[PDB]
Structure formats: C-alpha cells, structure tokens
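One protein chain, two forms: both are listed below as structure tokens, the first as structure 1 and the second as structure 2.
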Structure 1
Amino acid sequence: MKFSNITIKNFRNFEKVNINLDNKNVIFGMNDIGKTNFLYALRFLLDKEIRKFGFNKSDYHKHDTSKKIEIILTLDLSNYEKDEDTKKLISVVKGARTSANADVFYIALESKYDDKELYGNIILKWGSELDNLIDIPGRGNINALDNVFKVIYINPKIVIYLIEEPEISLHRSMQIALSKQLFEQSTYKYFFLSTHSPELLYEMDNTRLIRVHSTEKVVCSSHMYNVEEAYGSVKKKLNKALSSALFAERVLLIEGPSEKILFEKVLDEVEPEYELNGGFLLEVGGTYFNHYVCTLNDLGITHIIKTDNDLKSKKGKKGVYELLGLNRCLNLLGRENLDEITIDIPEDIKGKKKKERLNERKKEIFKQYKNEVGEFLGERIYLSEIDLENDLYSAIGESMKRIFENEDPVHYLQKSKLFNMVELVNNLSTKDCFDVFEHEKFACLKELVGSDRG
C-alpha cells in the first residue's frame, strides 16, 4: 500500500486542495494554521477520538457556506503479492473491489449540513471507484475502518504517526538524532511531520516534501524527494545546505566562501534585510545544480544561480578542456553536454601567459554561445564571461587599484582567494558597495532581494 493523494473539499481554510502524498510525508511553511488543519483533517478521516465529536459550526470554510465537507484518500491497492499490509487491507474490505484487477482504493468522508440540530454527522464510505461507493458497516461505536488503521498523535493494524512540532525545548543534537530515527528506521513506515527546524531534515530521503505557501489562502506544493546513487558520497553537505534553504523564499546559489564574504559585505552595506525577508545564500560547489533546482522548483521556491565560465582540464590528457560552467547550465535547461575543445599552446612561461590565453578562449566561447547565454538569462541563471573577480574589477576596479598597490588587482586576489578578499572587504566603503549592487553583472543580487520601489 502507498498513499497517493488526499483531497479536502471543505475544511477550516481548505477550498479545493489536492496534495500528492507518499509514505513519509513532511509539511512545512509559514502558515501554521494550515499545517495544523491539515493534521486535523487527517485526524478527522482516520482517528475515532476526533471523529466521535462530529463537526462544529466553526469547522466549515465560511461559517455558513458550502455545507458539504468531503475528505477523500487514495491508496493504490495494487501491490506485490508478498506484502502484508495490502492483503490485510483487502481481507477486511470484502464487497469493496468488485473486480480483482482493481488498482485504486478510496476512503471517503462525507458530512451533513451544520444547520440541522447544530451537528455534523460524519459519514464514512469505501469503494474501489469514485462513483458507486458503499458504506462502512459498524455494529456500534466502532467502524470496520478502525480495524485496519491505528493513528498515534505526538505533541510535546496499519499504524500512521502524526508528529507535530517535536523540536520544542529540544537541543539540536537530539533533533539530528530524531531526524536519523525518522528517515532511517523502519518503525516509522507511515508518518506525517510538521516542523520549523532545519536540523530535523539533515537526514532525509525517499520522502514527500509539502510546502505551505505564505499566503492566507492555503496553497500546497508537493515534491517527491530522492537522492540518487551518484550523490551518495556528498549527501550530508547537500542535505545540510538544502534544509535551511527549504525555509526560505528566495535562494541564491553561489560557489564558495569568498563570494559569500563579498555578498554579505555588500548586502550589509546596502540592505541589512530587517525590513525584507532576507533570503538565503546557498553554497554549491563541486556538483551540478539539477538536484537543488528541481527540489526548489517543485516546492515553489525561486532559485537564482550565479556561476563562472570555467574550463576544466581533462585527467590524464594534454591540451583538452571541458566546458563545465556552460555544461551545468545546459543540463539545467535540459540539453546534453557539449563536446570537448582542444587547445594547443607552446610552453614558453606557464605561469601568467597561460591564464591570459585561457581567458581569451573563454571570451570567444562566450561570444560563440550568446544565444544560449540569453536563454540562461531567460531563467535566473547568470554565467560570468571569465570569473567573478573580473566582474568585480569591471565594477569597482578603481577602489581595487587604490587598496592594492599592484598595477593589476585581479591576480593579487586570485593568488590568495580567502585572505585577500577579507583585505578588500576591510577597506571597503558604502559608496562602492552600491556600485557593486547597481552594476549589470550583479543582477543576481537584485533578484535575490526582489525589492519593490512602491
């Protein structure tokens, strides 16, 4: 058995929502009322201790309008022959599946109007098809649906867990321990989890991620999160980086710590983001962008990428290079990897002349694929012509020639990436941070901020 989707037609703030499901569902977002009402909708469907009180006047969409509450759950009855849960579900629902080739099962919840005697009268029905459902029989206080499912609710037979906000008064090491227990152990086969803590998502895999949007109207996006076998050795940094970005509205994907130093200085001088959200800065280095981009795109989070046009030399060869920075953006657009170029160079001196020759090659590569660069710019993908250091020289190069006594200030900062960046940031003023922010090669910061003039 595998939960597929739940449709809630009328509830406290749900109107016609459909949320795709899996086993191991996780819900998060700004709307705490929507997450609480999602868990209470599950409790009304599958827990008798909540269902026995019926529906009140307050638990309709408007308080006297659209008096038909429907909650329907899809179950995917077709499975393997050897699993116990499918057969133990089928053995209770006898007259349900009229055909033995039935693949989909439905558990429905109907409600009467609240005007009659100030009561709701929840009525439950199964059936293997949406039309022609039949009633769930029960002799007394107990339904036949209660014989199959058990619901355990946590707040500080087939078993479904509902964990609400377990990080309250909890140290972060115990949150990481609970994350490992939730997503690795076989005890929690079916659960629904709501949280605000990114430390509960450091170990996460084969889970359905549900994001509830910031609006008062409940909007839900669902993504089926898997980590494939290629990223198994870099899974921990990937999950630790992405878990804090899941709680953001706007995420800028950058390479390393020196870009974070520069962008945090520029943002602290321009907009300290006490008025704004203050979206996330995400460090992505050594991998491709497709995993983060599909995860954030299916969840409704806007993704901004600034990258450099790198030329990676091949291993064990001479004079051949890969178009890695172009290939990552082409993989983002869904294209295939380009062929490798061959660069023939004399020896001469190999210190400083080779970087100039490679920079000229990067310039003419940037000239060749300008249409693909415009297609990257159609999305929020920003590919530098050579490197971000050259863009910084094109923005604030007079200040860089003032601070650094060398005739060129680029190579002095390339020769020590982290240490010289702090020296430039220390001697950096308010005027030229705005010069960086207003430049046309730093529009990624403008998209990350997302400012409105008024």
Structure 2
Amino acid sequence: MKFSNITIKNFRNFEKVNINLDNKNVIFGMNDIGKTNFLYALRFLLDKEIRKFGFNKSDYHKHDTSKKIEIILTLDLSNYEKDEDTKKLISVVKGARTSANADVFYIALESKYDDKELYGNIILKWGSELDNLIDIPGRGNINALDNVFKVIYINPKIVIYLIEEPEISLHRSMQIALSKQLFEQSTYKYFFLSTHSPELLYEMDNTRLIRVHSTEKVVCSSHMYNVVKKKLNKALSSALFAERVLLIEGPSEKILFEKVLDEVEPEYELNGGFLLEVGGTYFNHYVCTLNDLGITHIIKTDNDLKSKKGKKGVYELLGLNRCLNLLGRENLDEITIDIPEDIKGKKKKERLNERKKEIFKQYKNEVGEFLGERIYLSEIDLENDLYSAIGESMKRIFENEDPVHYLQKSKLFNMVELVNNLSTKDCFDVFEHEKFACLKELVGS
C-alpha cells in the first residue's frame, strides 16, 4: 500500500503540520536541521533504537510548553485482494480494527509530562480513526509495532529506508547509478531520501517531492512528480533545488547574467536563484513540468518576424505568438509587412527593427497581461536594450562607432569582450532598469 499523511504536532521544529506522503518520496531544501529532524520524527515512531531512549528536554517544540507530542502515520489499509503486504499488516492488528470496511488506518504516538522525572514516556496507540484509539499490546521490551516494520538508516518485515546525504564520499558517476537503483530497481519500495546533489535526481518516476522551506515555520509542500524524459530531467535536476528559476534562451546571455549578478551580490545562489539555459525558444516544455512542481518560472523572450509559407507579402509574428501559447489564449492575426527588393543588407534589417517597434506600439495591451504574468518580452533582442542602457560605455570598449553592428556579427565572441573590462560602479543602471526586471524578480529584492 501507499503512505498518505503524517501529523507531527509538537516535535522540535513543528507546531501543526500535515505533510502528505507517498512511497518513494524525496526531501530537499536549504536547511539541514529540518531535513534531519523529519527523519528523526520517523525514527521516533518506527525504530525501537531511538524509541527506547525516550524524549529529551530539547525535542519539545522549542524546549518546553504544549506537552503533548503526537506523531500519527496514515497508511490507508483497504487495498486487500492481491498483495501480501496488506495481509501481513492486517493479520496482526486484529484487536484494534473496528471493522473490515474502514479505509484509513492510524499509527499514533503520544508523549506527556516531561516536567516530572525527566523522561519523555512514549505511548504508541493503534486505531482506524482519531476516536477510539486503542494502545498497542506488548509483553516486555518489544511492541507489536516492532515485529512488522523495519527501519534501516544510512548516513556516511515491511522495510522502510531513510537516507541522509549519500553523496558525501561518493563519486559523481556513482550517484547516477544510485539514482537508477533508488527508483527503477524494484528492491527499494519505501524510502525517505534527503540529498543536495542533482545527479541523484536524474531518473525519477511516481515520486512525491517534499520541499522544506528556509523559513523558521518549516512548512512543506508535497507535489507528485509524474512523467524525452531524461533530457527533460537532467537539465531541470539543478532547477529542482531552486524556488526561483529564470528561463533564458541562449548561452551568451548567461555570460552577462553571471557577471551582472556577481557584481551585485554573491548570495543569489544562497537565496535560491538559478539560471537555466533553454537552448532555444521552446518555453512550453519546461513550464508544464514547473506548473506541477509549483516552481516559480521567470521567462525572458525576444520577439521576431517570419514570412508565411503559402502567403507572400504578409508576415507572421513569432515571439508574440509563442508568448500567446504559454497562457493558452487565442492567437492574433497576421500583419502585412512590405519589403522592397532593391534595398537589402543591413537596411532591410534596419527597417525591420523599426517594424518591430511598429508591431509593438499597438500591441502594448497584449503585453499588459504578459508582464503582469511571468513572461517578459523585449523589443528587438537583448543586444538593443543592452545598448539603450549602457551604450555610452560600450563605445570605449569596442572602439567602434556603432557597437550594435559589431555585436550582431559575432554574437557570443564579443560578449566575452564585455567581461574583461567592467567596473563595479559600471552596469548598476542596467541593474535598476525596467527592461531587466527578470533579474530583479530572481533575487527577490
């Protein structure tokens, strides 16, 4: 059967939380204290080597008050029919079942009065609902819960694994083999994985993802990850560890966006920001996964032009039409753009750059809910609104009259030329500019 819920009330970080669970569920976050204490919350209920020591003074919320620790595990237990897992758990709970028709089962922990005798006194109780919970009979040192479940903890009989930080003293090619053996191998059914490395998250299927937030209220969001899956997961494996992911389309934009972010603050990686190269203008294949994850996508797009196939003389918009499909709206009409054949070269592109503003001026109301949503659109490319902000400083580097002419020929080659000569006082006006609000929305400040 599957896990359903856990209700950890008065443990050392939690107040009243209901984390939804599943088999094969993976824990990540920015804090290590909450990811350690969520595994010790499972060790205090299902493992006797932690349950035999009792509760100390430290694991009562902060250190005291509201002295009733409850950990309640939910495991449903109404699959019946085929599997031997449900039979091997229903054959031992026969004094604590209300009927053979209930659909939720309860494994409840209780602990009271740490102020007297300096002991936690864990009482375990079985039942089918929160009314009429009946305590677990056990003769000596061993409960009737401990005969059934088995807990194996890893840090460098129903079996539940608990793995904390396995990539420390592990090779980076071995983590992909461990990512195969955790998920597509049928040996492991019930684990609770805590990790920090993206190579353990390459091959995932039927997996609930618990993200632990960096704030002190330690609230968790549980999302199922259901699904070329491998290239969709390998590029997004470093973006699963970030709440705020900027989606840029090319490698030369990341060269400027690394330096502009590193000249302002080193702590954008510490806050949870990430730069993701899409490699093209295909943004819909990532946000269908990030809608299910709930990761806040930030999208920067540039609009372009295209002649129609069977129609000559009218042009079909590319960037506004591909921004239309991310919201699922009705596509706009085609705009007749005329180019005379006697003028070619740069001046056809120079007239089409002014046509890119002339298709932007009367479609500003379309951008009025685009930029109100999480998609941002430029006017020609990134190389022109780079020139509209710091273009008085680009002339001394290139030693040329028109730096846009020098940059559109070799695109990625001359973005290296902007790296080796910049100042810390330079390029702060492009940081606070309104045309680069995606990098404001990444850092959250």
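C-alpha atoms forming the largest set that superposes within 1.5 Å between two forms make up the rigid core. Reference numbering: structure 1, starting with residue 1.
S.K.: In a fit on the core, which one among 271, 110, 146, 165 has a Cα that moves 2 Å or more between structure 1 and structure 2?
M.R.: Comparing the C-alpha positions, the one residue that moves 2 Å or more is 271.
S.K.: Comparing between structure 1 and structure 2 on the rigid core, is the C-alpha shift at residue 199 2 Å or larger?
M.R.: No; that C-alpha moves by less than 2 Å between structure 1 and structure 2.
S.K.: 2 Å or more on the CA of residue 45 between structure 1 and structure 2, with the rigid core superposed, yes or no?
M.R.: After core superposition, the displacement of the residue 45 C-alpha between structure 1 and structure 2 stays below 2 Å, so no.
S.K.: If we fit on the core, is the Cα of residue 287 displaced 2 Å or more between structure 1 and structure 2?
M.R.: After core superposition, the C-alpha of residue 287 moves 2 Å or more between structure 1 and structure 2.
S.K.: Can you give the C-alpha shift of residue 216 between structure 1 and structure 2 in Å, rounded to one decimal, after superposing the rigid core?
M.R.: Its C-alpha moves by 2.1 Å once the cores are overlaid.
S.K.: Please report, in Å, how much the Cα atom of residue 136 moves between structure 1 and structure 2 when the rigid core is superposed.
M.R.: C-alpha displacement of residue 136 between structure 1 and structure 2: 0.2 Å.
S.K.: How many Å does the Cα of residue 63 travel between structure 1 and structure 2 when the structures are matched on their rigid core?
M.R.: That residue's C-alpha is offset by 1.4 Å.
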